[PDB]
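Quick notes on the structure that follows.
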Amino acid sequence: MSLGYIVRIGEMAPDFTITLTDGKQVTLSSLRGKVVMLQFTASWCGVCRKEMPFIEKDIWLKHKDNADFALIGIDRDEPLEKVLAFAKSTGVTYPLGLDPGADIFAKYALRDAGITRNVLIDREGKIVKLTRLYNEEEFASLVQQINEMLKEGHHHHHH
């Protein structure tokens, strides 16, 4: 379908260990406790050529390290050489992971339900922000929320 999410806002994010562009294996467990931004993209996506550069510019370049920030880009199906040839041409200084077969993608959404989407995982490990194909306004709000997420005041009760 169009927006085929199997996971919802407020739901906890499934775990996985994805291989990055430089041959790194990263488990989602290790990223929890920190703010984890998971973009689901693909080299054959044109919309992501707005999404990713903006994400890099105002999200990545700012908070990439911080102390508690994590940003990983996942390609839905295109293998190693594809992603490398794409990332280098878009810039993308943030590591992209290969998901050959849309398995990690299928752990969040239907493989046959589009592609362009961003999953913002909170400090607890819950998905708080669903965004569609970047989207100007949603990106603006997403970035602002990220600034908060690094601090975490949306709990309000502290817990």
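Chain identifiers are assigned as A, B, and so on, following the order in which chains appear in the structure tokens; residues are numbered from 1 within each chain, and ligands are numbered from 1 in order of appearance.
Within 9 Å of residue 32 of chain A, once only C-alpha atoms are used and residues closer than 3 positions along the same chain are dropped, the contacting residues are residues 28, 29, 35, 36, 70, 121, 122, 123, 124 and 125 of chain A.
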Just N, CA and C atoms for this one: save the residues we selected as a PDB file, in the first residue's frame.
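Resulting contents of selection_8.pdb:
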ATOM      1  N   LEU A  28      20.893  -2.469  17.240  1.00  0.00           N
ATOM      2  CA  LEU A  28      19.992  -1.410  17.680  1.00  0.00           C
ATOM      3  C   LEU A  28      20.036  -1.275  19.204  1.00  0.00           C
ATOM      4  N   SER A  29      20.288  -2.392  19.888  1.00  0.00           N
ATOM      5  CA  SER A  29      20.439  -2.392  21.343  1.00  0.00           C
ATOM      6  C   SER A  29      21.481  -1.368  21.791  1.00  0.00           C
ATOM      7  N   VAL A  35      19.270   9.023  21.295  1.00  0.00           N
ATOM      8  CA  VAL A  35      18.298   9.379  20.278  1.00  0.00           C
ATOM      9  C   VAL A  35      18.705   8.791  18.930  1.00  0.00           C
ATOM     10  N   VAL A  36      17.904   7.865  18.431  1.00  0.00           N
ATOM     11  CA  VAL A  36      18.258   7.137  17.223  1.00  0.00           C
ATOM     12  C   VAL A  36      17.361   7.533  16.061  1.00  0.00           C
ATOM     13  N   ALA A  70      22.416   9.262  17.704  1.00  0.00           N
ATOM     14  CA  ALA A  70      22.714   8.221  16.731  1.00  0.00           C
ATOM     15  C   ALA A  70      21.863   8.394  15.475  1.00  0.00           C
ATOM     16  N   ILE A 121      13.579   7.249  16.901  1.00  0.00           N
ATOM     17  CA  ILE A 121      13.487   6.467  18.123  1.00  0.00           C
ATOM     18  C   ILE A 121      13.921   7.312  19.318  1.00  0.00           C
ATOM     19  N   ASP A 122      13.183   7.207  20.411  1.00  0.00           N
ATOM     20  CA  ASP A 122      13.457   8.003  21.595  1.00  0.00           C
ATOM     21  C   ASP A 122      14.427   7.282  22.531  1.00  0.00           C
ATOM     22  N   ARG A 123      14.748   7.941  23.635  1.00  0.00           N
ATOM     23  CA  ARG A 123      15.732   7.453  24.593  1.00  0.00           C
ATOM     24  C   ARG A 123      15.304   6.129  25.236  1.00  0.00           C
ATOM     25  N   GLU A 124      13.998   5.897  25.348  1.00  0.00           N
ATOM     26  CA  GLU A 124      13.499   4.642  25.895  1.00  0.00           C
ATOM     27  C   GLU A 124      13.615   3.528  24.866  1.00  0.00           C
ATOM     28  N   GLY A 125      13.514   3.898  23.601  1.00  0.00           N
ATOM     29  CA  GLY A 125      13.538   2.917  22.542  1.00  0.00           C
ATOM     30  C   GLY A 125      12.215   2.850  21.815  1.00  0.00           C
TER      31      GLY A 125
END
| field | For residue 90 of chain A: contacts at 12 Å, only C-alpha atoms, fewer than 4 positions along chain excluded, given as a PyMOL selection string | value | chain A and resi 43+45-46+48-57+83-86+94
| said: For the structure I just gave you, how does DSSP split chain A - specifically, which residues are helix (DSSP H, G or I)? Reply as a ChimeraX atom specification. | reply: /A:28-31,48-63,80-90,103-106,136-149
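Residue nearest residue 66 of chain A, chosen from A:108, A:150, A:92, A:19 and counting only C-alpha atoms: A:150.
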| request: For residue 81 of chain A, work out the shell of residues within 10 Å, counting only C-alpha atoms and skipping chain neighbours fewer than 5 positions away, then give it as number ranges by chain. | output: A: 21, 86-87, 98
Those residues you just picked out, can you put them in a file as a JSON list (two decimals), in the first residue's frame with N, CA, C and O atoms?
[["chain", "number", "residue", "atom", "x", "y", "z"],
["A", 21, "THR", "N", 28.20, 1.08, 5.56],
["A", 21, "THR", "CA", 28.92, 1.26, 4.31],
["A", 21, "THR", "C", 30.39, 0.87, 4.41],
["A", 21, "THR", "O", 30.99, 0.42, 3.43],
["A", 86, "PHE", "N", 25.96, 6.02, -4.49],
["A", 86, "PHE", "CA", 24.91, 7.00, -4.28],
["A", 86, "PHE", "C", 25.31, 8.01, -3.21],
["A", 86, "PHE", "O", 25.29, 9.21, -3.46],
["A", 87, "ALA", "N", 25.71, 7.51, -2.05],
["A", 87, "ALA", "CA", 26.07, 8.35, -0.91],
["A", 87, "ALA", "C", 27.16, 9.35, -1.27],
["A", 87, "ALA", "O", 27.06, 10.52, -0.95],
["A", 98, "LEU", "N", 23.21, -1.52, 4.66],
["A", 98, "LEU", "CA", 22.59, -2.26, 3.57],
["A", 98, "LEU", "C", 21.53, -3.19, 4.12],
["A", 98, "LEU", "O", 21.80, -3.98, 5.03]]
| said: What's around residue 10 of chain A at 9 Å? Count only C-alpha atoms, leave out sequence neighbours fewer than 3 positions away in its own chain, and write the answer as a ChimeraX atom specification. | reply: /A:7,126-129
Kindly export the residues of the current selection with N, CA, C and O atoms, as a PDB file, in the first residue's frame.
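part.pdb was written with the following content:
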ATOM      1  N   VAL A   7       4.408  -0.707  12.444  1.00  0.00           N
ATOM      2  CA  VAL A   7       4.741  -0.146  13.740  1.00  0.00           C
ATOM      3  C   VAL A   7       4.078   1.224  13.880  1.00  0.00           C
ATOM      4  O   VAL A   7       3.851   1.909  12.883  1.00  0.00           O
ATOM      5  N   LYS A 126      11.406   3.883  21.989  1.00  0.00           N
ATOM      6  CA  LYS A 126      10.095   3.942  21.367  1.00  0.00           C
ATOM      7  C   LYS A 126      10.117   4.874  20.163  1.00  0.00           C
ATOM      8  O   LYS A 126      10.868   5.847  20.132  1.00  0.00           O
ATOM      9  N   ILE A 127       9.305   4.569  19.170  1.00  0.00           N
ATOM     10  CA  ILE A 127       9.212   5.393  17.978  1.00  0.00           C
ATOM     11  C   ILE A 127       8.236   6.541  18.207  1.00  0.00           C
ATOM     12  O   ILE A 127       7.035   6.322  18.358  1.00  0.00           O
ATOM     13  N   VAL A 128       8.754   7.760  18.245  1.00  0.00           N
ATOM     14  CA  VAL A 128       7.931   8.921  18.560  1.00  0.00           C
ATOM     15  C   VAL A 128       7.556   9.726  17.317  1.00  0.00           C
ATOM     16  O   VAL A 128       6.500  10.355  17.274  1.00  0.00           O
ATOM     17  N   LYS A 129       8.405   9.703  16.301  1.00  0.00           N
ATOM     18  CA  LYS A 129       8.183  10.546  15.137  1.00  0.00           C
ATOM     19  C   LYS A 129       8.157   9.722  13.860  1.00  0.00           C
ATOM     20  O   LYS A 129       9.168   9.148  13.454  1.00  0.00           O
TER      21      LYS A 129
END
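Counting only C-alpha atoms and comparing A:133, A:146, A:74, A:26, the residue that lies closest to residue 62 of chain A is A:146.
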| Between A:116, A:147, A:27, A:138, which has the minimum distance to residue 64 of chain A (counting only C-alpha atoms)? | A:147
| request: Looking only at strand (DSSP E or B) from DSSP on the backbone, list the matching residues of chain A as a PyMOL selection string. | output: chain A and resi 5+12+17-20+25-27+35-41+69-75+96-98+109+117-121+126-132
